[PDB]
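Shown below, as structure tokens, is a lone chain in the form deposited in one PDB entry; questions about how it binds or moves come after it.
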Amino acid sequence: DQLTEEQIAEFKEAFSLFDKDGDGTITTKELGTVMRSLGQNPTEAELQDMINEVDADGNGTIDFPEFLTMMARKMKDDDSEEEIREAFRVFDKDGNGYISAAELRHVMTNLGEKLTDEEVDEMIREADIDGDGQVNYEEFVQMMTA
């Protein structure tokens, strides 16, 4: 859990995603705004707890060096295969391991941010490995995460 020179500069770009007014400090209010832009809804106490977890000088806000201890402590990443599979499985109506090409088009052209029918063409072309008009999403997710 030790960091490099390129990452420090990069995590400095990161700090600006959070320090919306640039005073070199991240407040609960700024953290709320960011967390909500990510579609989450932390309470006041939760925001204070996140700050408190890494607030060395205990002045109530996160500065850049406090921001790097959060990062050093947590650089390890993990494969997302299983969670992505579970997201596909939300649309597996019979829980049979398949989503038809037609159903995938329906989902992707109507829900969330959506893709265009053309983007969906490319996605299904990759996903429908057997060319049977059906997507074995477990296999497809394993191809994309390999």
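Whichever C-alpha set is largest while still superposing within 1.5 Å between the two forms counts as the rigid core. From 1 onward, residues are counted along the sequence shown.
There is also a form deposited in another entry; it is not shown, and the following applies to it.
- Core-aligned CA deviation for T25 between the shown form and the other one: less than 2 Å.
- With the core held fixed, the Cα of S100 is displaced between the shown form and the other one by 2 Å or more.
- The two forms, fitted on the rigid core, differ between the shown form and the other one by less than 2 Å at the CA of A56.
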